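Asker: I'd like to ask you about the structure that follows.
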Number of protein chains: 4
Amino acid sequence: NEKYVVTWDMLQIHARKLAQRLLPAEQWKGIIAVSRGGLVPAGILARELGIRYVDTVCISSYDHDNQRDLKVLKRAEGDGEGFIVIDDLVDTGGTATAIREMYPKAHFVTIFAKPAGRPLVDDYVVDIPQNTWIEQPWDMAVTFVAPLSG
Amino acid sequence: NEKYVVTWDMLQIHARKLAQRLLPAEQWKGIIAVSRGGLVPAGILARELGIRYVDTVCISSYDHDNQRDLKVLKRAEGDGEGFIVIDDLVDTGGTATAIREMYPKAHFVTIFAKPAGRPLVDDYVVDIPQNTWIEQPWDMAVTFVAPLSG
Amino acid sequence: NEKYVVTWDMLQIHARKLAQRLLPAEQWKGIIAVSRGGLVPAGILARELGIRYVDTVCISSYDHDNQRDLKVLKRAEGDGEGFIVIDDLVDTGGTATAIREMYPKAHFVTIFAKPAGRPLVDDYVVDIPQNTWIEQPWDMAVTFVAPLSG
Amino acid sequence: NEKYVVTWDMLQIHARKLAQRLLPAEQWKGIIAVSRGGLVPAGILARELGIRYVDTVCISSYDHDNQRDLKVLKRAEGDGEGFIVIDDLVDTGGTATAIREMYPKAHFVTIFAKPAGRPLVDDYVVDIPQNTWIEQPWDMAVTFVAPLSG
Ligand SMILES: Nc1nc2c(ncn2[C@@H]2O[C@H](COP(=O)(O)O)[C@@H](O)[C@H]2O)c(=O)[nH]1
Ligand SMILES: Nc1nc2c(ncn2[C@@H]2O[C@H](COP(=O)(O)O)[C@@H](O)[C@H]2O)c(=O)[nH]1
């Protein structure tokens, strides 16, 4: 239940561990970033793997009565063969399920995985408990905080 | 003209200053990132502006003496109307100008601009001298370094 | 047992967790830093606890096969009663034990502890395996590093 | 009037520029840190210069009627000959005046200086306007901040 704080430095350390596992870079046609969470990790992977072909898939949700379903705003074409598909984390994997099904032949990776989402991805770096909230660095700032005493 | 070190935290400060200028978010259809340098700034803008429609333009460029050859590897469709197109930095403004020919109605922004490129972008945050190399945080690591005195 | 990289931000998170345990600040007369490793954690504790009385103990230690020779370069007076004495890390606990002989009534704390040293300190925040080297942020820099694939 | 945010990384970059100017390290007997602001910078200098003799001077203030005066809580002995005395910043230099007078033969340096304090120190790294508040990294945390839009 204590939030897990992810600094930019640490995110890049984890992403570089993933990149090393994705060598040799020549096996890949490109990277598909899951917007928005995957954008930064994609940037790091593309740099480390020397990959210039980077595209995106953009999904959002909408409610109708008591239900909630996913909408595709934009997608890279194809079934993902030869691609890495990257998101920042998988939690329960609702979006990851949709993404898997659009790109069934991609290698689908995240930085973080919680237990209920873990089966949906092909690789990930860091295990996080289901009840832990992951605070990513694009959601944070270096900000004054009062001292613990006085 | 010692290199200018850009940490992740400072890059985000600069990008947030750009995002504030781009408010209200409702003026924009989406963001196009210039891969690869624009991917991280695009993620930051997309978070700050609440924009899930993020796409890419991927180009390879090679200098042959006084002329650049441009190869488009992948490009987002359309003329850019209603889009922000973001790259990390402009030096000569050559890439910006090429991208702007592809997307002549986009609002083209960077984080850093050297003097030659400043007039060739719609907005930028930080002035950098022409002969200063900018070292971006996706090209760096936190690494041991020997003491200045042994 | 790959080295464990400690960024400045993460060091401060850990030190704040230590500072919370040391509340209320009124229980303490002051802080003694073990130079040099304890200087940065001491600054953090002094800020968090509102303690302006900060002193140092400076020792040089050289291993000669199986025995250490200790030279006190400078030491804060007294037996440590009412003081926190802070060092960055404990490995064997040899330094801690020596310092504690000098200040037997101090409350001796570190940020990191390897298993051998854990019982030889009053409090610590982070467990580190015995054969893991901790790389502290005062020994590191943000530095260019080549891509994993060229 | 916009606060000047100092990240840990940037503080160390500035402190290393100062350390380079303080070479050769052999000219110094040791470092005196001005508590509390000087503790972190002292830690960095001591590492970079290979200096193990680090002591402190600790001053506080007290009011009496409409006046305000300084109190010495603890001080290193001597007139500072052969020492570096370091504080994080000089602003108006009230404390710096007292420190100068206690250690008239030290080399008194800071990282930051505002114009009214600048004449009191022997060297500093970064000029800061009088009306700018410097936010040091021991006063900050990496913390959630709401997005600029929505
Ligand atoms: N990291 C880095 N890349 C640069 C710098 N100057 C130019 N570049 C790269 O060189 C390309 C050419 O920039 P242009 O001259 O077209 O503005 C850009 O994609 C840019 O990423 C620099 O100072 N630092
Ligand atoms: N940076 C770093 N210093 C260490 C490590 N292990 C031991 N040291 C240094 O070696 C000294 C001996 O530690 P001890 O064995 O006395 O606990 C300590 O001052 C400590 O700073 C490590 O993993 N990282």
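Asker: Considering only the range A:61-80, I want to know if a residue exists there that is within 15 Å of the chain's Cα centre (by Cα) and either surrounded by fewer than 23 Cβ atoms within 10 Å (Cβ to Cβ) or not aliphatic (A, V, I, L, M) (or both).
Answerer: no
Asker: Any residue at all in the range A:30-45 that's in contact with a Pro (Cβ under 7 Å, 6 or more places away or on another chain), within 13 Å of chain B (Cβ to nearest Cβ) and surrounded by 23 or more Cβ atoms within 10 Å (Cβ to Cβ)?
Answerer: no
Asker: Do we have any residue at all in the range A:102-115 that's within 14 Å of chain B (Cβ to nearest Cβ) and touching a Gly at 6+ places or on another chain (Cβ under 7 Å)?
Answerer: Looking through the range A:102-115, none of the residues is within 14 Å of chain B (Cβ to nearest Cβ) and touching a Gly at 6+ places or on another chain (Cβ under 7 Å).
Asker: Is there a residue being more than 13 Å from ligand 2 (Cβ to nearest atom), more than 29 Å from C:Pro24 (Cα to Cα) and out of contact with any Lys or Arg (no Cβ under 6 Å at 6 or more places or on another chain) anywhere in the range C:83-105?
Answerer: No - not one qualifying residue is present in the range C:83-105.
Asker: Need the failing condition index for A:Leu89 against (1) buried (at least 16 other Cβ atoms within 10 Å of the Cβ); (2) more than 14 Å from B:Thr56 (Cβ to Cβ); (3) facing another protein chain (nearest Cβ under 10 Å); (4) not small (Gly, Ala, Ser), just the number.
Answerer: (3) is the only condition that A:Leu89 fails.
Asker: Here's another thing I want to ask about it. For the range B:21-40, what are the residues that are more than 16 Å from the chain's Cα centre (by Cα) and not aliphatic (A, V, I, L, M)?
Answerer: Hits for the range B:21-40 are B:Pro24, B:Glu26, B:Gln27, B:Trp28, B:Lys29.
Asker: Here is a follow-up. Being within 11 Å of ligand 1 (Cβ to nearest atom) and part of a loop (DSSP other than H, G, I, E, B) is the filter; apply it to the range B:113-123 and report the residue that is surrounded by the most Cβ atoms within 10 Å (Cβ to Cβ).
Answerer: In this case the residue turns out to be B:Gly117.
Asker: Out of (1) facing chain A (nearest Cβ under 10 Å); (2) within 17 Å of A:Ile51 (Cβ to Cβ); (3) not in a loop (DSSP other than H, G, I, E, B), what's the single condition that is false for B:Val72?
Answerer: (1)
Asker: Also: For C:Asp139, all conditions in the list (1) within 20 Å of D:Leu39 (Cα to Cα); (2) near ligand 2 (Cβ under 8 Å from one of its atoms); (3) more than 14 Å from chain B (Cβ to nearest Cβ); (4) not polar (S, T, N, Q) hold save one; what is the number of the exception?
Answerer: (3)
Asker: Here's something else I'd like to know. Filter the range A:12-26 down to the residues that are crowded, with 21+ Cβ neighbours inside 10 Å and assigned to a helix (DSSP H, G or I) and list them by number.
Answerer: Scanning the range A:12-26 gives A:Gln12, A:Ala15, A:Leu18, A:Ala19.
Asker: What single numbered condition from (1) within 14 Å of another protein chain (Cβ to nearest Cβ); (2) assigned to a loop (DSSP other than H, G, I, E, B); (3) touching a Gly at 6+ places or on another chain (Cβ under 7 Å) fails to hold for B:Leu148?
Answerer: B:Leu148 satisfies all of (1) within 14 Å of another protein chain (Cβ to nearest Cβ); (2) assigned to a loop (DSSP other than H, G, I, E, B); (3) touching a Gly at 6+ places or on another chain (Cβ under 7 Å) except (3).
Asker: Tell me, please, whether a residue that is touching a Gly at 6+ places or on another chain (Cβ under 7 Å), within 13 Å of ligand 1 (Cβ to nearest atom) and not in a strand (DSSP E or B) can be found in the range B:76-87.
Answerer: no
Asker: Would you confirm, using the coordinates I've provided, whether B:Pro129 is part of a loop (DSSP other than H, G, I, E, B) and either within 11 Å of ligand 1 (Cβ to nearest atom) or crowded, with 18+ Cβ neighbours inside 10 Å (or both)?
Answerer: Against the criterion (part of a loop (DSSP other than H, G, I, E, B) and either within 11 Å of ligand 1 (Cβ to nearest atom) or crowded, with 18+ Cβ neighbours inside 10 Å (or both)), B:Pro129 qualifies.
Asker: Quick one: count up the residues across the range B:128-137 that are within 21 Å of B:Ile99 (Cβ to Cβ) and over 13 Å from the mean Cα position of the chain (by Cα).
Answerer: Counting residues in the range B:128-137 that are within 21 Å of B:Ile99 (Cβ to Cβ) and over 13 Å from the mean Cα position of the chain (by Cα) gives 2.
Asker: With (1) of a type in the set (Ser, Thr, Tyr); (2) surrounded by 17 or more Cβ atoms within 10 Å (Cβ to Cβ); (3) away from ligand 1 (no atom under 14 Å from the Cβ) as the list, and B:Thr110 as the residue in question, which single condition is left unmet?
Answerer: Status for B:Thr110: all satisfied but (3).
Asker: OK, next. Consider only pairs whose beta carbons are under 7 Å apart and that are at least six residues apart or on different chains; among these, list those whose first residue lies in the range D:52-71 and is free of Cβ contacts under 8 Å to residues at least 60 places away in the same chain and whose second residue is of a type outside the set (A, V, I, L, M) and part of a loop (DSSP other than H, G, I, E, B).
Answerer: Going by the 7 Å Cβ cut-off, the qualifying pairs are D:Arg52/C:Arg36; D:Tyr53/D:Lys29; D:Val54/C:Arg36; D:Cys58/C:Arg52; D:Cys58/C:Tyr53; D:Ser60/C:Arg52.
Asker: Against the conditions (1) facing chain B (nearest Cβ under 10 Å); (2) outside any strand (DSSP E or B); (3) of a type in the set (A, V, I, L, M, F, W, C); (4) within 16 Å of the chain's Cα centre (by Cα), where does A:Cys58 fall short? Just the number, please.
Answerer: If we test A:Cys58 against (1) facing chain B (nearest Cβ under 10 Å); (2) outside any strand (DSSP E or B); (3) of a type in the set (A, V, I, L, M, F, W, C); (4) within 16 Å of the chain's Cα centre (by Cα), just (2) comes out false.
Asker: Are there any pairs with C-beta distances below 8 angstrom linking a residue in the range B:92-103 that is of a type in the set (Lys, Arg) to a residue that is assigned to a helix (DSSP H, G or I) and more than 6 Å from ligand 1 (Cβ to nearest atom), with the two at least 6 apart or on different chains, and if so which?
Answerer: From residues that are of a type in the set (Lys, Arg), the pairs are B:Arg100/B:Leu120.
Asker: Against the condition surrounded by 23 or more Cβ atoms within 10 Å (Cβ to Cβ), more than 11 Å from the chain's Cα centre (by Cα) and within 15 Å of ligand 1 (Cβ to nearest atom), how does B:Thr97 come out, does it pass?
Answerer: So B:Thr97 fails the test.
Methodologically, a virtual Cβ is constructed for each residue, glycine included, from the backbone with ideal geometry; neighbour enumeration extends over all protein chains shown. No value in this document is a laboratory result; all are computed from the given coordinates.
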